[PDB]
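Protein chains: 2
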Amino acid sequence: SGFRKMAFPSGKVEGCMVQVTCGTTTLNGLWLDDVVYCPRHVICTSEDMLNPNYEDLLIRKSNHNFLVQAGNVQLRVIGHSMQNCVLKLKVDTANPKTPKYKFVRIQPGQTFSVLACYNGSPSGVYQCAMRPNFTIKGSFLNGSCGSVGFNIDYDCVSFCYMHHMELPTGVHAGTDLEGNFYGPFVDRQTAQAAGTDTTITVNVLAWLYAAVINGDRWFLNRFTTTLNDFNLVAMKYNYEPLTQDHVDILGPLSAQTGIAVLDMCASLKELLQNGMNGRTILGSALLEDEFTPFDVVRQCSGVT
Amino acid sequence: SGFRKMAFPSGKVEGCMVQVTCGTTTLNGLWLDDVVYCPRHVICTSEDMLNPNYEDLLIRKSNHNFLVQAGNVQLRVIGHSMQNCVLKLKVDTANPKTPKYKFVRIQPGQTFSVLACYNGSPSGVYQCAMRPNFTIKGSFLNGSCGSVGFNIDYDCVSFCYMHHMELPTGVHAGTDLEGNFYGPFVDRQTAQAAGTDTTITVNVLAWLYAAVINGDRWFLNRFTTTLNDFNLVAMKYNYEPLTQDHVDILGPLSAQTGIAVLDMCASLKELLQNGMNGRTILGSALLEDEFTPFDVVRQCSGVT
Ligand SMILES: CC(=O)Nc1ccc(Oc2ncccn2)cc1
Ligand SMILES: CC(=O)Nc1ccc(Oc2ncccn2)cc1
């Protein structure tokens, strides 16, 4: 029993982290097979960042201007290309620790672990969600760029995120491992205002299930609701609309607990309208939205 | 910027996790050098657990009754002893992945990462504190016993916890790696009521510092207080007494932010007396007490 914000074990990703230096910029790269992936803004000064022309900056760089260090051993760069907002550095050595891996582009509301790194050295791991405005609320200092977000399915690491930017509001923007930004963000130091940070309704319901399963039941009420009725209250509270797909996804938690999804919706409706009245749910004073239904089932069943 | 509940990278501990089976009980062991550490209740049936005589149960066991599996390779057990509440199984092979390590007994209020495991396979990592009543609020299902808590200093893993028990109230009890329980708890399935779960005041102040450093400043007030005055309010709110040692420990955060410790105490005093009024601090609706001053300095400076 007990329910924790749990990251995936980080070991398989720790074995992929390298330091990339281009002139006076150092940040992190991901070494998979004989390729190192890193933010293309490694080639930028902080002055470059105000209005970089990446293609033009890049022409001045040779393979030997990219210094790749894995632990305290330098890798030899034998090729470099730009793919969208990532650089791919071909090195002469396949990472001996390459795990089985996929590159996946996640949808907003999906959760992932981040291995926060500096000079290619891991400092910590934490669990995130891709917010509905395609930001993440990370912990990222200068030198953390190239830190990656991932899920693990048994032995297969699915890489979903690479850290590129802190927006002036202190939230985080980044790309998939094809170098495409999540949302409308760009690797330029300019005004970039995120949209509404809505609450991931389906994740909140999952976490209310997780709570019931762990003995926190005070918020269970006598009411039900309908998707359309619930969704009027969701709109009012900057909660994502709930779809029949979300209902279906919560089906197994519904089954395990014997609480119909729409009953738990009515419970959430009362929490939104009445607040917590100084009470907590799984040790939180607010409604947690960074557990997916899959996360709740994994953690509550004990998947390794 | 941003501030996250961050675990240590788990890789060095993942390389130490094995499965220990004694008859029909399977749980996790820690393989360091040629020794595997595990809860001594591996030798118990769930019936044994109601009133186990460990010495008497243990006499019936031979080296070959202990099945140690590292990945899908069996280790050969050449010795077993009981030390307090842990079994030490001598195996004929030194773990090739043994990191530099220490066994340390932490004090209440100190934080650590847990690698939650099942059948010797890691499922996740999360950050904890030893509560002032010597419990932890973990996430631990059946088969999770032998899962360990640790800090890392650069390359040296300090092991501080091994998971033994879920108390009837759903909180967690365990030992150091010498097999001594934190607090008054015992490896027996019986009424064991934890004391008052007080809030780790020094950790809350550290986290208010972390917040100020990350731009959450709304709770900064015009008041100061004294240790004795603050401590009257702490008592009332089941907060640990603040000592001059805690003040000293917060000194560097004080220096970095230019907010005297007693001013931040007066800020906390107002939060305790007035509550949050529906506001948040680093995305929490309650005062977080599972960051140490060391944790705040590490995460805010970027230590790897
Ligand atoms: C686009 C730019 O500004 N400079 C650049 C041009 C061609 C390049 O050649 C290349 N090499 C290996 C694989 C793929 N591509 C690399 C970098
Ligand atoms: C205490 C008990 O009930 N049974 C037991 C007795 C002596 C033991 O010998 C031993 N062997 C190696 C190192 C240290 N000790 C082991 C287990």
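Residue numbers (the authors' numbering), protein chains in the order written: chain A, 1 to 304; chain A', 1 to 304. A prime marks a further copy of an entry chain.
Using N, Cα and C, we set each Cβ at its ideal position, and we do this for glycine too.
Residue-level contact to chain A via CB, residue i, 8 Å cutoff
{"i": "A'/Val-18", "result": "no"}
{"i": "A'/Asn-72", "result": "no"}
{"i": "A'/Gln-299", "result": "yes"}
{"i": "A'/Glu-288", "result": "no"}
{"i": "A'/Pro-52", "result": "no"}
{"i": "A'/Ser-147", "result": "no"}
{"i": "A'/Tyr-161", "result": "no"}
{"i": "A'/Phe-8", "result": "yes"}
{"i": "A'/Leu-115", "result": "yes"}
{"i": "A'/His-64", "result": "no"}
{"i": "A'/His-172", "result": "yes"}
{"i": "A'/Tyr-118", "result": "yes"}
{"i": "A'/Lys-90", "result": "no"}
{"i": "A'/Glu-270", "result": "no"}
{"i": "A'/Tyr-126", "result": "yes"}
{"i": "A'/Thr-111", "result": "no"}
{"i": "A'/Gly-11", "result": "yes"}
Cβ-heavy atom distance, residue i to ligand 2, below 7 Å
{"i": "A'/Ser-62", "result": "no"}
{"i": "A'/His-80", "result": "yes"}
Span separating the alpha-carbon of residue i from that of residue j
{"i": "A'/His-41", "j": "A'/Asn-119", "result": "15 Å"}
{"i": "A/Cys-265", "j": "A'/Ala-285", "result": "22 Å"}
{"i": "A'/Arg-105", "j": "A'/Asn-84", "result": "14 Å"}
{"i": "A'/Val-303", "j": "A'/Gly-149", "result": "20 Å"}
{"i": "A'/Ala-260", "j": "A'/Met-276", "result": "22 Å"}
{"i": "A/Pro-122", "j": "A'/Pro-9", "result": "7 Å"}
{"i": "A/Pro-52", "j": "A'/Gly-71", "result": "49 Å"}
{"i": "A'/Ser-147", "j": "A/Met-235", "result": "43 Å"}
{"i": "A'/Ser-46", "j": "A'/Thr-25", "result": "9 Å"}
{"i": "A/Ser-62", "j": "A/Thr-21", "result": "13 Å"}
{"i": "A/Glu-240", "j": "A'/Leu-282", "result": "22 Å"}
{"i": "A'/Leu-30", "j": "A'/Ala-94", "result": "12 Å"}
{"i": "A/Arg-279", "j": "A'/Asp-263", "result": "28 Å"}
{"i": "A/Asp-197", "j": "A'/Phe-103", "result": "44 Å"}
{"i": "A'/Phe-230", "j": "A'/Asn-203", "result": "15 Å"}
{"i": "A/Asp-92", "j": "A/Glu-288", "result": "45 Å"}
{"i": "A'/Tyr-237", "j": "A'/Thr-135", "result": "19 Å"}
{"i": "residue 315 of chain A", "j": "A/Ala-206", "result": "Chain A is shown only over 1 to 304; residue 315 of chain A falls outside these bounds and no answer can be derived."}
{"i": "A/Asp-176", "j": "A'/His-64", "result": "50 Å"}
{"i": "A'/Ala-194", "j": "A'/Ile-43", "result": "26 Å"}
{"i": "A/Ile-213", "j": "A/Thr-257", "result": "7 Å"}
Contact test: residue i Cβ vs ligand 1 heavy atom, cutoff 7 Å
{"i": "A/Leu-89", "result": "no"}
{"i": "A/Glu-55", "result": "yes"}
{"i": "A/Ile-43", "result": "no"}
{"i": "A/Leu-58", "result": "yes"}
Nearest to residue i (by Cα), restricted to the options the options
{"i": "A'/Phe-112", "options": "A'/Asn-84, A'/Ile-152 and A'/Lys-100", "result": "A'/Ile-152"}
{"i": "A'/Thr-292", "options": "A'/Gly-195, A'/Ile-249, A'/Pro-122 and A'/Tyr-54", "result": "A'/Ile-249"}
{"i": "A'/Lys-88", "options": "A'/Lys-137, A'/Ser-139 and A'/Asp-33", "result": "A'/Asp-33"}
{"i": "A'/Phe-159", "options": "A'/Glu-240, A'/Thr-225 and A'/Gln-110", "result": "A'/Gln-110"}
{"i": "A'/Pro-96", "options": "A'/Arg-60, A'/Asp-56 and A'/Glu-14", "result": "A'/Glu-14"}
{"i": "A'/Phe-140", "options": "A'/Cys-156, A'/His-172, A'/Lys-90 and A'/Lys-100", "result": "A'/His-172"}
{"i": "A/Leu-272", "options": "A/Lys-5, A/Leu-232 and A/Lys-137", "result": "A/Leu-232"}
{"i": "A/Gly-143", "options": "A/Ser-254, A/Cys-117 and A/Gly-179", "result": "A/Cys-117"}
{"i": "A'/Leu-75", "options": "A'/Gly-183, A'/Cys-16, A'/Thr-257 and A'/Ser-254", "result": "A'/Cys-16"}
{"i": "A'/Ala-210", "options": "A'/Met-6, A'/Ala-94, A'/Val-297 and A'/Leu-227", "result": "A'/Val-297"}
{"i": "A/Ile-78", "options": "A/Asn-72, A/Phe-66, A/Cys-156 and A/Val-86", "result": "A/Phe-66"}
{"i": "A/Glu-166", "options": "A/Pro-184, A/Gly-138, A/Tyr-154 and A/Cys-156", "result": "A/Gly-138"}
{"i": "A'/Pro-132", "options": "A'/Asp-155, A'/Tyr-154, A'/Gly-170 and A'/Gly-183", "result": "A'/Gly-183"}
{"i": "A'/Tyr-154", "options": "A'/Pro-168, A'/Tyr-101, A'/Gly-251 and A'/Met-130", "result": "A'/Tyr-101"}
{"i": "A/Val-68", "options": "A/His-246, A/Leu-208, A/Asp-48 and A/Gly-23", "result": "A/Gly-23"}
Neighbour flag for residue i against chain A', beta carbons, 8 Å
{"i": "A/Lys-5", "result": "yes"}
{"i": "A/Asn-274", "result": "no"}
{"i": "A/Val-42", "result": "no"}
{"i": "A/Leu-141", "result": "yes"}
{"i": "A/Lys-236", "result": "no"}
{"i": "A/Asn-214", "result": "yes"}
{"i": "A/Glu-240", "result": "no"}
{"i": "A/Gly-302", "result": "yes"}
{"i": "A/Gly-195", "result": "no"}
{"i": "A/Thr-280", "result": "yes"}
{"i": "residue 306 of chain A", "result": "With chain A covering 1 to 304 only, the question about residue 306 of chain A has no answer from this structure."}
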